[PDB]
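> Would you mind keeping the following structure in view while I ask a few things?
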Amino acid sequence: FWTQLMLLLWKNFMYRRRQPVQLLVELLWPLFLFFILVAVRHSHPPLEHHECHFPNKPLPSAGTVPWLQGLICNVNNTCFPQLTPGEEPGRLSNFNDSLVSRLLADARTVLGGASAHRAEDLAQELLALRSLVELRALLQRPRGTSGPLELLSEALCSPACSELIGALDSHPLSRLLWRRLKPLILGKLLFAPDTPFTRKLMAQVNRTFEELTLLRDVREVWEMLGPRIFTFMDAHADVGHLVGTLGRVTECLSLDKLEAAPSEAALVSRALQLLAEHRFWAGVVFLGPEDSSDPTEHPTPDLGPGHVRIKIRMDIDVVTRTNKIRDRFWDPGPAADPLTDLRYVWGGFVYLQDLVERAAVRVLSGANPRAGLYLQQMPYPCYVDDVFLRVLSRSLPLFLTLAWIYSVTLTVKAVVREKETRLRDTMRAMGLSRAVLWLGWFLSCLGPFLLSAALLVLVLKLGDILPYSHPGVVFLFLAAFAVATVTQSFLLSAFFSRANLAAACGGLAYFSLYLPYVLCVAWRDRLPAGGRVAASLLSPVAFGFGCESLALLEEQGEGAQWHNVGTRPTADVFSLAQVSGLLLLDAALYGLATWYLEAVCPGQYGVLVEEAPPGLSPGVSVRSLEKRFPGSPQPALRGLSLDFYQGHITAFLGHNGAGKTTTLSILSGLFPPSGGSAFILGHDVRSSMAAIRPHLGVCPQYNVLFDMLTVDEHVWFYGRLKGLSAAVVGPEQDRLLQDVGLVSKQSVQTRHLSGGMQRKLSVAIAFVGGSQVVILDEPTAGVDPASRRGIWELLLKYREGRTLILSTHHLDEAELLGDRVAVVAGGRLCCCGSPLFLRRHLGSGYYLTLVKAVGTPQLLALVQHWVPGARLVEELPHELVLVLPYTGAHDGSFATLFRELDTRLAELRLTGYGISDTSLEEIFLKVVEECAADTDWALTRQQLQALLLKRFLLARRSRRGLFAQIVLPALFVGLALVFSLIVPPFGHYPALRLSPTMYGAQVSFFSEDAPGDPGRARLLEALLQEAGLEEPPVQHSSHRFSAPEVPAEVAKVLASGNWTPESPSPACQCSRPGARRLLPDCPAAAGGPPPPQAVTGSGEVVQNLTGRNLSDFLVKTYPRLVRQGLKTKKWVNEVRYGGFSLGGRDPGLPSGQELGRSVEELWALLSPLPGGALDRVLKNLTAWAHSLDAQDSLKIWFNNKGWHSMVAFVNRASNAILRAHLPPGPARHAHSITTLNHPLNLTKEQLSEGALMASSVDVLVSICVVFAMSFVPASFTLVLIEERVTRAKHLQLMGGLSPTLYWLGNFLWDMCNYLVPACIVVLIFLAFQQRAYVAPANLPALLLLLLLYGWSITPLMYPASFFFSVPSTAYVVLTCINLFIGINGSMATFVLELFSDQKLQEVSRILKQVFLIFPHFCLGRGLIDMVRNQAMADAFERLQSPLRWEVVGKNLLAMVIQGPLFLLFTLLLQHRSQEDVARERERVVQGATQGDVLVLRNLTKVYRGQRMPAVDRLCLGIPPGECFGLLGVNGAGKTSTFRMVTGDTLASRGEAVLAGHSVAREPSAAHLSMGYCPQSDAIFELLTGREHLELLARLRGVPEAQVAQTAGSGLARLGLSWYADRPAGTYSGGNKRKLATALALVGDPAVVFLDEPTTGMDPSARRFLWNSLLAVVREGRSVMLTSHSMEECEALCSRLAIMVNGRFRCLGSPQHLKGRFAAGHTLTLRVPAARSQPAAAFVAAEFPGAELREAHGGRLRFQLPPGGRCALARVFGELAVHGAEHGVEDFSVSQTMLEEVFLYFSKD
Ligand SMILES: Nc1ncnc2c1ncn2[C@@H]1O[C@H](COP(=O)(O)OP(=O)(O)OP(O)(O)=S)[C@@H](O)[C@H]1O
Ligand SMILES: Nc1ncnc2c1ncn2[C@@H]1O[C@H](COP(=O)(O)OP(=O)(O)OP(O)(O)=S)[C@@H](O)[C@H]1O
Ligand SMILES: *[C@@H]1O[C@H](CO)[C@@H](O[C@@H]2O[C@H](CO)[C@@H](O)[C@H](O)[C@H]2NC(C)=O)[C@H](O)[C@H]1NC(C)=O
Ligand SMILES: *[C@@H]1O[C@H](CO)[C@@H](O[C@@H]2O[C@H](CO)[C@@H](O)[C@H](O)[C@H]2NC(C)=O)[C@H](O)[C@H]1NC(C)=O
Ligand SMILES: *[C@@H]1O[C@H](CO)[C@@H](O)[C@H](O)[C@H]1NC(C)=O
Ligand SMILES: *[C@@H]1O[C@H](CO)[C@@H](O)[C@H](O)[C@H]1NC(C)=O
Ligand SMILES: *[C@@H]1O[C@H](CO)[C@@H](O)[C@H](O)[C@H]1NC(C)=O
Ligand SMILES: *[C@@H]1O[C@H](CO)[C@@H](O)[C@H](O)[C@H]1NC(C)=O
């Protein structure tokens, strides 16, 4: 059991070692992919980012100075690691060291002090002020700045406008700020409705800009107070310079920047016009509830007024996209980038929403609410950003499968190859169980897999791809994967019966099972938990599911290790060990599947007796052996009771189908006997089992050798397997090697270098165990007769002792070697015995014939006198045949009769006698039928016409296939167009209702500071009851404690620490220690320790958090909220989006009443102006001082990952304020405000880019058209490939056909066939009303493009007919290649077009400039280009043409240029090719006979590497009036000479001339008069035979009116009347041969060539061929016939030439040969002594001529000079003594037998 496994493993290792280039490629292919992966890793290392905090943004409602301060200082949005002062519940401002704030505080305190006082005291107070000094220093600055923006930033933290432009264009930061401010400074507010209510709303919009325009009055009062004081009496210059600077800034002010529009269409037109001038900024639409014109939204929520809907339309390049709520790829980032994401800050959307909402509340409420709104960004933890790990999670299975596709292909190829040559059956014959075979396969294939896995593990660990992990677990994963994939490859090898088919399908079967993993990862959340395990039954799917868990565990900073093998890293991911368990279960299931499937198709591979020897020792005793198959009710083998005997070489006789090899397999260990017994050596076959193998040898009818192992390893392997010991193999090896004469070959150790002799070696293998019984099976099945002598010598060498049982098809072989013969025919035995006994039992006797150049009764009386027995069988004139009695036949009587007849020859006028001994052939036949009975220019026009007709009939023969290949794609396209009538989603921007409720269930805040006020209490009530909470606040007091219970294990930790809310209460948080990377921060159990009070309303949770830290709580709690949905990381639903803090502390000085009183007192005094301008200024100042209190504020925290959170929460705040200031009652339900977002249409320049991303249905239609359009050329080319496989094409070429004209005819017919599908597609497009195609300016372009693409595509794959030789696979491969090329081109172009965000891809347009050289992509590009150009034209002017040579003209021109070059290439590819014997050779050399039709001279062929000429130095001459014949054994070179003379092949040396026209010098006239007939059937099965006949008739040039009549003649000479109507496909075996003969004969060629015209068909067919050839030979025409059957050559031909080894031998007429050497007699002696000298000596002494023939041990034949003067009897009497003189049992004489010419044919 172990020795067989060792031998199998050694053999497999030897196969692998003898291929020293496949191992290297298998090792170095998977390393390339992983080196690419390592390079990719080196390209993108992970990025690290620490914690950072964000400042606050003040809305204009809070103030104007802080507003500009924010717009000028917080533009960069830089992170700050330290906590910002704004976040703390106390402060509400960030800038405390700013000059503006200090100046305002100093002014306030000085004014308060002055008011309290009411000069020296005031001067002293103002002297100690650094802010005034800083302001004076800033005023006294000699430029030093790029522009006023820099000075404004330093202070805070028209031709004049042209000068400002010139100054500000220099500084890049000033450029950025100026770009941000340009839309808004020069803005043009527009509104559609002009009703008075809207007028009041825009009056509320006015009042802000009116407050803005107040510096003019203060300025003018300054210059009207200036000169007065100056006349009454550095500071004066500084104020004037400052005032003039202020005036210059206000010079480039829009002032009246508000405008109006009459209607929505006019609104859009005016907006686009202003965009053309770069002046448009925003537009507002006050849609009314009663209008009911709501696109994709409800008309009105409640009847009547009270609800205001407001739409803001701005430029798309400014307002963010408004289609999807969230990003599709979650990123570990704060999502705070001013340039890209923070668009609402420099876009002004929030500003205008605030302004409009405040106007609406001030109008509807009827009060003047004051509440400053601020915006804050929640802070974000420290993080590591690394996209690569998700890429591994999604990519690693792909690279692993691509690395292991190669070894799987090799494994399946090897398994199928070894199971193809039936070697497995031979191994099972010797006794090896299938289990050992499969175990050898397992352990031999599984080595390289694990070596590759180990190398991959080392690469992964060392290459930093999977660090922080222990390689042991990774290896235990890859090993399970390798086991599963090897088992599944063995399963894949169990469905195929061909080598290359299995090799090319196994890789595809392995790769096609990785797609479901992608399908599952796309809809990751869709699939439940139940279907996960069911889908993970595939091996690659399970590997992917395990790889995702491995990557997920890698993200958490601790890789795969022994600690966490059985731990699930997330609630819905497999543990790493469970995946391996499933992998092993899958491998076991695949193994069981292979085991069961191997048994699905079992079995099928895909009374005369002479028993009396001197020693009766029945070594093999088979009795009544029977077997039956279910294929036929009659048994495969019937009763066979024959008994064999040791020492005799029994043999089997029968024609193929006699069930001999079946029985020989029964006796071996391959098949089971159904009945009877098969006792070998005494013990039954099954009982012996393994007790019989050393004493039983088998050799099968197929050669059994390994193409890589040498001879010595071969004998070693086949000896050690039988039971031989390793010590005694040397002598046995040497014995067999010396016996077979391979002692030289074992020196070079080759197996595939030597051929033909290999069968000999196989025979020797049957004699390696010295087994007593040996069963051979046709040891000379196919070996050349020239080498059967060695096999005969070896088999006779081992003829003693061993029982040998063989079987041969022949009849001569069964008597040379065999000591006995039994005849089996029709699966049954008929007779048995020995050749002597078989020849001694006949109805007839021993024949004697006499010819005439006297009297029958006289000769009969003479014969009866000389011998009593005599039978008269034949009595016709000119030959008298009598039967001499075999019963009691004696030599003396025959000798006396012959001696008497010798003298009386002249008188009797006989002049010749012929004796005859019955032979084995006729007795074999007679017993076979006895057993059978007992069982029961105009010519070119006609040529093209005929070719087109034959193509049309060829198409009409196969109509269903062409119909399904042509019409079906059109119906497919039509159905695709029908089903594509749904609304196309392309990315339009609908109307979106911007409210917080769109996000869904969430958690929100209501933090409050300084709650000591009733108005703030009302505002808080509005905020809470706005979200759906219960109306009475006291109910919350009824709920009392509404918080989750604190964790018990955390209470002790809290008691350990201070736990004050102001101090950091939570414990610290883990982060990146440098040696380890964590994606989130791992949260402890104490983050924001006390669970804050939460109340749930209607799908929403509100939390208190009053008085806590807030920032710390959010930073600590965020990852806990996120992690619930990081398993898939596709659409992450953050739960906390925003919240409110009711801050109340006033950063400014609240004491503004005193300042107002002081201003009023100053207004009363100082001579107020009668006009009141100063009075109005002072009133405005008093109002500003009164409003300076800022009684209540509000801050909104928002999360930026939700795109539309800022606007939703600002809307909520405004609505809450409105509901707060409205008096209580049911009227609260009547009032509401709504805000929408709707970007405007694209401008023309914007359209020129935006039209690109509106093509999905177009892409689908183009893909469908390309897929359905690339089928026809393959259908065209399959027919040509099929006609190339058969040599019928060349048969056409000997007609009038030329290859160029054949190509032209095929091209024209395929054009005519192709013109229909294009018309069908065109009519489908026209009938289905596609505006994209039914336009009159688009139809001609589409038609021309389709027709010219079909023009160009066809000659692409015509040159491919030479490469392939089978129709179906050629069609499949060509279709797949074309579809792959088209789809890849289209996808690459569309991907580069959509993803062309960066500029270095637009130059990739040159790539398409190359694709015009590819003809398949021209149509796909042209359709898309035409569609986009025409759609742009439709959308351009309504709200240049396809025929122009700018969109499709260039592509069409390039493709029509490409058209003819492929036809030229295939036309050039077609024409790529550019003693009697001595006396007749001498007469040919000296001169040429003019009458001879064919003349040859030194005809020679030298193949490549054969080292010997197949046909060498061949000469001949054929007179026209005689039929020729060529003879030779297989391998002589007759077919090579036939091909060379016909012209299908070239000649290495020498040329043959036919009727004075050499083949090379001008082939056309040569082929005009040659009738080609090969052994193969060169016909088209689709057509009919008669149709072939008229096709050849029309090609030749027969007039049409007689062509049909010719058909009758074309059958009248060869019958064919019953088979005329039937198609050529459904005929008989000989019908094809006779049809080929008729096609050769039709047309009346001068000479007719036939290669093996008849090979064992019905006698009627050969009689008809005989008649046809006789006709053509006595009508004065010549035939060159090649055959084997000698009687046909005798009957038909008049000259015979015999050739062996490529050279003539006799070259004479049949009668000349018969008289030259086939006369006399030959003697055969049966000597058992096997001694040459005793038999040779006396024969040479008495007879001068004793030439040897087949000198073997059993028999020897004698050649002697003919024409003995004495009688023939002169030998017989001598033999009558010679039996005593020398050992001779019996004898035979062949004296002018019917087999003399046969004997010479077999002689040489
Ligand atoms: N797959 C099969 N293989 C062999 N024999 C079959 C098969 N199917 C049916 N038979 C039976 O085989 C008989 C016909 O002779 P075969 O057994 O095929 O001859 P054979 O053994 O191939 O002949 P030789 O002369 O020994 S090569 C009929 O009884 C068939 O029904
Ligand atoms: N691929 C090949 N095709 C044809 N002949 C070949 C090929 N390879 C070698 N030969 C030579 O063909 C010769 C043996 O076949 P031939 O005598 O030419 O014809 P044939 O086998 O008698 O023809 P049939 O009767 O039509 S199968 C030897 O010279 C071979 O070396
Ligand atoms: C949020 O927390 C505060 C505590 O700061 C709760 O205020 C209490 O409310 C009840 C009911 O109105 C009063 O009787 C208590 O006197 C309040 N306590 C203090 C110390 O303020 C408040 O109820 C909680 N939620 C709400 C409804 O705002
Ligand atoms: C701006 O876009 C709107 C669509 O949002 C266009 O209005 C539609 O125009 C089509 C004609 O092309 C009509 O069939 C629709 O009924 C219109 N819908 C609406 C809502 O009116 C509008 O024509 C575009 N204007 C410009 C100048 O591009
Ligand atoms: C923002 O800060 C970065 C810090 O490097 C600086 O390089 C950049 O110029 C700043 N940009 C603006 C707009 O201030
Ligand atoms: C602002 O600065 C002043 C003067 O240094 C200081 O008294 C005051 O406490 C500061 N206030 C804040 C908000 O830090
Ligand atoms: C105020 O807005 C109104 C629209 O109601 C507009 O007519 C007017 O010009 C604006 N005021 C000024 C002077 O800009
Ligand atoms: C909040 O927590 C932070 C954590 O650094 C701490 O520095 C800060 O003092 C705390 N502030 C309050 C008022 O809770």
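Numbers here mean position along the shown chain, with the first residue as 1.
Method of determination (from the header): electron microscopy, 3.6 Å.
Using the three backbone atoms N, Cα and C, a Cβ is placed for every residue, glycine included.
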> Which of the listed residues, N96, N206, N1109, has Swiss-Prot annotated as N-linked glycosylation site?
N206
> For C73, what is the disulfide-bonded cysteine listed in Swiss-Prot, choosing from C52, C157, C161?
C157
> So are the transmembrane segment (1372-1392) and the transmembrane segment (573-593) touching or not, going by 3+ C-beta pairs under 8 A with a sequence gap of 6 or more?
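Counting Cβ pairs under 8 Å (6 or more apart in sequence), the transmembrane segment (1372-1392) does not reach the transmembrane segment (573-593), since there are fewer than 3.
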> Can at least 3 Cβ pairs under 8 A be found between the transmembrane segment (1447-1467) and the transmembrane segment (1344-1364), with each pair 6 or more apart in sequence?
yes
> Just checking, which of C157, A658, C1082, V1529, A1532 (recorded positions) has the fewest C-beta atoms within 10 Å of its C-beta?
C1082
> Starting from the Cβ centroid of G1528, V1529, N1530, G1531, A1532, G1533, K1534, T1535, which together make up the recorded ATP 2 site, report each further residue of the same chain whose Cβ lies within 8 Å of that point, ordered by sequence.
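Neighbours within 8 Å of the Cβ centroid, excluding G1528, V1529, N1530, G1531, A1532, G1533, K1534, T1535: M1699, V1700.
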> Quick check on the gap: 58 residues absent, flanked by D936 and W937. Distance between their CA atoms in Å?
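In this entry the gap's Cα endpoints measure 66 Å apart.
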> Go through the chain and flag residues at least 6 beyond the ends of the transmembrane segment (20-40) whose CB is under 8 A from any CB in it; none is fine as an answer.
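Contacts with the transmembrane segment (20-40): 388, 399, 402-404, 406-407, 410, 448, 451-452, 455-456, 459-460, 463, 465.
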> Among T661, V1529, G1533, these being the binding-site residues, pick the one whose CA is nearest to that of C1082 (disulfide bond).
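Looking at Cα distances from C1082 (disulfide bond), the smallest one goes to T661.
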> Compute the mean position of the Cβ atoms of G654, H655, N656, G657, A658, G659, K660, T661, which form the recorded ATP 1 site, and then list in sequence order the other residues of that chain whose Cβ is within 8 Å of it.
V824, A825, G827
> Rounded to an integer, what is the Cα-Cα distance in Å between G659 (ATP 1 binding site) and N1530 (ATP 2 binding site)?
27
> So for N1530 (ATP 2 binding site), how many other CB atoms are inside 10 Å of its CB?
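Here the count is 10.
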> Only counting partners 6 or more residues apart, tell me which same-chain residues put their Cβ under 8 Å from the Cβ of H655 (ATP 1 binding site).
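Listed in sequence order, they are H809, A825.
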> If I take the C-alpha of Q1474 and the C-alpha of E1475, which enclose 17 unmodelled residues, how far apart are they in Å?
38
> Out of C73, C1068, which of the disulfide-bonded residues is least crowded by other Cβ atoms within 10 Å?
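Each of the disulfide-bonded residues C73, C1068 was scored by Cβ atoms within 10 Å; lowest is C1068.
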> Which of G654, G1531, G1533 has the fewest nearby Cβ atoms, counting only those within 10 Å, among these binding-site residues?
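Counting other Cβ atoms within 10 Å of each of the binding-site residues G654, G1531, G1533 gives the minimum at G1531.
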